[PDB]
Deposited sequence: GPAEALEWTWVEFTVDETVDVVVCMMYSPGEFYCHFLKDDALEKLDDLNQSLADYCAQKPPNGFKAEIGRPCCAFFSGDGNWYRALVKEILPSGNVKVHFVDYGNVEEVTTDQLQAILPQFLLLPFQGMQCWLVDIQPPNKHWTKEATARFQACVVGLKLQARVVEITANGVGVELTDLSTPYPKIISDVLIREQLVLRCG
């Protein structure tokens, strides 16, 4: 079993929808290129069929049941707990949940061809005012992205994620999300 993440070039502009959020320094996006959304749905349907009819190791791929919507999804084992439960990282969305052994199944190799789609992002050129992202800053960021396709520009590519500049183009007046957070005193400039 081997796999990959969505790949990018530096300064690539691409449309995104935020699929999971923790802070302005940690949120997850579906990158809307190469028929991603459609291929991911197709894959998810194949998984529901396959799972409808596993030895845990850290970093190992699997199918895991997500109780939030009651469907099976691609995951990697993140933690193994004393209880015998396992925390899994849902690789196409970016959330982590604690599941039981019954909520895990081995994944088939042909299910690892589509690149993993929960791409970790952070907004470039900002930092927390103090040491940690506040609820207010994150809540405001969330208000800026909820229900929206945004333009993302990939500014920096690291092994563990991508620093992006996000712009809302839903009206003729473009709105760069960092602008809002800086202007409203919620985060400090950085870089």
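- In this chain, the deposited residues that lack C-alpha positions fall in the ranges 1-5, 59-63.
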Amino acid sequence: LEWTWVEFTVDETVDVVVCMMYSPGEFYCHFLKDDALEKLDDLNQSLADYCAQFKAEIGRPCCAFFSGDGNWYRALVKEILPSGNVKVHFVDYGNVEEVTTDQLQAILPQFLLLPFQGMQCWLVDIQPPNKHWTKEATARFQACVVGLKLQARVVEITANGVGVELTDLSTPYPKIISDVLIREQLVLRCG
From here on, numbers count along this sequence of modelled residues.
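- Mean CA B-factor, 72-80 versus 100-108: the higher value falls on 100-108.
- Remark: stretch with higher mean C-alpha B factor among 135-143 and 54-62 is 54-62.
- Considering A152, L43, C29, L32 together, the PDB entry gives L43 the largest C-alpha B factor.
- The PDB entry assigns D179 a C-alpha temperature factor belonging to the middle third of its chain's modelled residues.
- Among all modelled residues in its chain, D11 ranks in the highest third by Cα B-factor.
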